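J.: Pasting in a structure now, in structure tokens, and then I'll have a few things to ask.
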Ligand code: HEM
Ligand code: HEM
């Protein structure tokens, strides 16, 4: 549950450096999708993709 | 396995013969910069528990240096355990074990504490076999489990004014490969 | 043994960051040294990219800053980081000084002197920075304060002739003020190192007032991550300010080009010089106002020379603690008054609060000290 | 006197009754205080460093010992004041002989 | 300000330091924290708060007096 995470990722230093790089790219892709989706959701309607589709 | 490791590291006192030529790197450095009065790095165990221990006596203006080189040798055994040091430790284990089991009281002491705990006495063929079983791979396995980022117990006594905080022992206890 | 203890740079690093024996008692009101440092080098960084994309000439100044607003990628956030980082910087500098006056670290003398010099340097530096971006408020307030430099007898007017390059605020004067804003923060950083050098010599101070030589702790890594925490709180305040109300501390009256014929009525410097404009305009004189200003900062110099208590802090002196919070309210009062234009009740309480300020310092502080001295059976 | 009750309310409102420090503990150090602290017996000296160490720990954790362990005003067993005033007088006498 | 080892002299003091992995990250973070911070809240308003209300009243009083000095046309 968590002992797996400690044994695979949080013993050695190169394993920890690789897992923070891996988490960086995973968090990159995920958070950009979330930011785009939520930000267009609070700005539904009057955004230039929408009017661009209506042009 | 810890007997082999603490045969490599082991003990020093200020009243020995030949300081700059000790095989033990901790002992050579502690002669070099004149750090410790004495130390012992050893094992004591109770029934499936106990204290894998180390104990140094020195002046208070040299404490963090001694602690630094002590943790440095521990992590050197943790990562770069090569063969010749393991060989030398197994020779010292032979010598200490055989010359310990001598006489009347050490013999009968061994047998009494063996058959209160084990249920049996260890013969010397078992000691020679369990010396021959353990190499540097077993050393790095045991050192990766027992030492590498484990919470310590530090007993400090006397002029402890330089002796660092517990978090320095924690953060320098492992290596981030420096 | 270790490279940290023997390497000739790393001994200085060891005596700087790793092994400073700090007291184990300070709350978050001691963060502001490293906070002012990170603010300072962030200011240097933002201003450096600014000066990469800026041309200093009155033909091209506001057009160049407009170009930073338009065409430089994230240039608008770099310009706003510089401006509101200066505003955050002066907030945190008043926090640092308010600490050092409250908790009794002003018994340290030469460090206090070098701090006072840093106060002068940061005032002049951010002032000429405000002269740079070529606004209505910039041009006219710098014109006023150029005449404030002319206020002194017998030396001052030819001195202002010498700083003019002519008779008024001209292109040569703009480039002068550009180079001085462009070069003074490095002298600020050097005297910051001198400030820190004297403090590493003496030793720090606790919140209480009792020197804590029994209970020191290593500086790393408690205060490293404590000041990183303080930095994150600082940076989110800075960024919420630049991303949600940039024109809050920004000015409406700033953004026109510098018209030498307008002189708008609601005239003001930035918020951090409002007491510098109110205590200025309080006493009905040219000489009296400028001498009152320089005498106010020289009163801030005097503030250690009249410590006649026998405790160290104001924490265990309650009457003087109430007096100190009265001083806090009075400085904020004159700040709001300096923001407000010149009308009759504000004239009244501006004069009243200025003379209250000098009466609090030169008379009330040692008298409160001797009452607190007398009352504990001394 | 009424001013004695003023002192009573003051030693209430100060705070180091709540911390557990006596009056000879909150003294700002010049060199005279340094000499006065060295001119002390061992038991007073260790009591002084222990009470200061408890004050630093309780001020770090910002938690205060209750009413039951506070220094009452009628147990102000001040100790350092005569030593300090004698070092004051000897410093004064040395001052005066350097004057004239 | 020097090294550790010559700061000052203290004898007869034993300190029991607990490892941080033994204790929880936030023990009694509300259950003692909120009543004791309301206690320290009680310990500060009668020292610091009277300048707050003085500035508060002088601010709104000056604004009212300011608009009244306007409105006397
Ligand atoms: C140029 C801006 C300044 C910077 C970057 C600065 C930086 C620092 C730093 C890093 C420290 C050590 C850590 C700390 O106590 O926060 C410090 C301490 C101190 N500073 Fe400044 N300082 C500045 C301005 C001033 C000014 C204007 C004064 C007032 C004259 C002052 C008075 C002090 C005092 C009294 C201390 C000792 C406080 C203590 O460590 O207990 N500083 N400063
Ligand atoms: C040496 C490093 C610095 C450089 C290169 C620099 C550069 C500049 C430049 C080019 C401008 C004019 C651009 C503009 O604001 O539209 C400027 C303005 C300014 N600077 Fe700096 N600066 C530096 C350090 C500082 C520091 C340390 C402060 C104070 C914390 C500061 C405060 C200001 C202020 C308040 C303005 C006016 C902002 C405005 O109203 O638009 N600068 N700086």
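The numbering of chain C matches Swiss-Prot: 2-379, in order.
From the backbone N, Cα and C atoms, a Cβ is placed for every residue, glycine too.
Sharing the feature lines straight out of Swiss-Prot:
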- C:33-53: transmembrane segment (TRANSMEM)
- C:77-98: transmembrane segment (TRANSMEM)
- C:83, C:182: heme b b562 binding site (BINDING)
- C:97, C:196: heme b b566 binding site (BINDING)
- C:113-133: transmembrane segment (TRANSMEM)
- C:178-198: transmembrane segment (TRANSMEM)
- C:201: ubiquinone binding site (BINDING)
- C:226-246: transmembrane segment (TRANSMEM)
- C:288-308: transmembrane segment (TRANSMEM)
- C:320-340: transmembrane segment (TRANSMEM)
- C:347-367: transmembrane segment (TRANSMEM)
J.: Please work out the number of neighbouring Cβ atoms within 10 Å of the Cβ of residue C:201 (ubiquinone binding site), leaving out its own Cβ.
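T.: A 10 Å sphere around the Cβ of residue C:201 (ubiquinone binding site) contains 14 other Cβ atoms.
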J.: Considering Cα atoms only, can you say which of C:97, C:196, C:201 is the nearest neighbour of residue C:83 (heme b b562 binding site) among these binding-site residues?
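T.: Spatially nearest to residue C:83 (heme b b562 binding site) by Cα position is C:97.
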J.: Quick one: find which recorded stretch in C:77-98, C:113-133, C:226-246 has the most Cβ pairs under 8 Å with the transmembrane segment (C:178-198).
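T.: Looking only at C:77-98, C:113-133, C:226-246, the most contacts with the transmembrane segment (C:178-198) come from C:113-133.
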J.: Can you say which of C:33-53, C:77-98, C:113-133, C:226-246, C:288-308 has the most Cβ pairs under 8 Å with the transmembrane segment (C:347-367)?
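T.: Selected stretch: C:288-308, with the most Cβ pairs under 8 Å.
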J.: For the binding-site residues C:83, C:97, C:196, C:201, which ones lie near chain E, with a CB less than 8 A from one of its CB atoms?
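T.: Cβ contacts with chain E under 8 Å: C:201.
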J.: Return the stretch with the most CB pairs under 8 A relative to the transmembrane segment (C:77-98), choosing among C:33-53, C:113-133, C:226-246, C:288-308.
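T.: Going through each listed stretch, the top one turns out to be C:33-53.
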J.: At a Cβ cut-off of 8 Å, and with pairs 6 or more apart in sequence only, do we get at least 3 pairs between the transmembrane segment (C:288-308) and the transmembrane segment (C:113-133), yes or no?
T.: yes
J.: Using Cβ atoms and a strict cutoff of less than 8 Å, what residues sit near the transmembrane segment (C:226-246) while being 6 or more residues removed from its termini?
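T.: Distal contacts: 29, 32-33, 35-36, 39-40, 78, 81-82, 84-86, 88-89, 93.
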J.: Could you state the whole-number distance in Å separating the C-alpha atoms of the residue listed as 'ubiquinone binding site' and residue C:97 (heme b b566 binding site)?
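T.: That separation, Cα to Cα, works out to 17 Å.
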J.: Residue C:97 (heme b b566 binding site) to residue C:182 (heme b b562 binding site): how many Å between their Cα atoms?
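T.: Checking the Cα atoms of residue C:97 (heme b b566 binding site) and residue C:182 (heme b b562 binding site) gives a distance of 23 Å.
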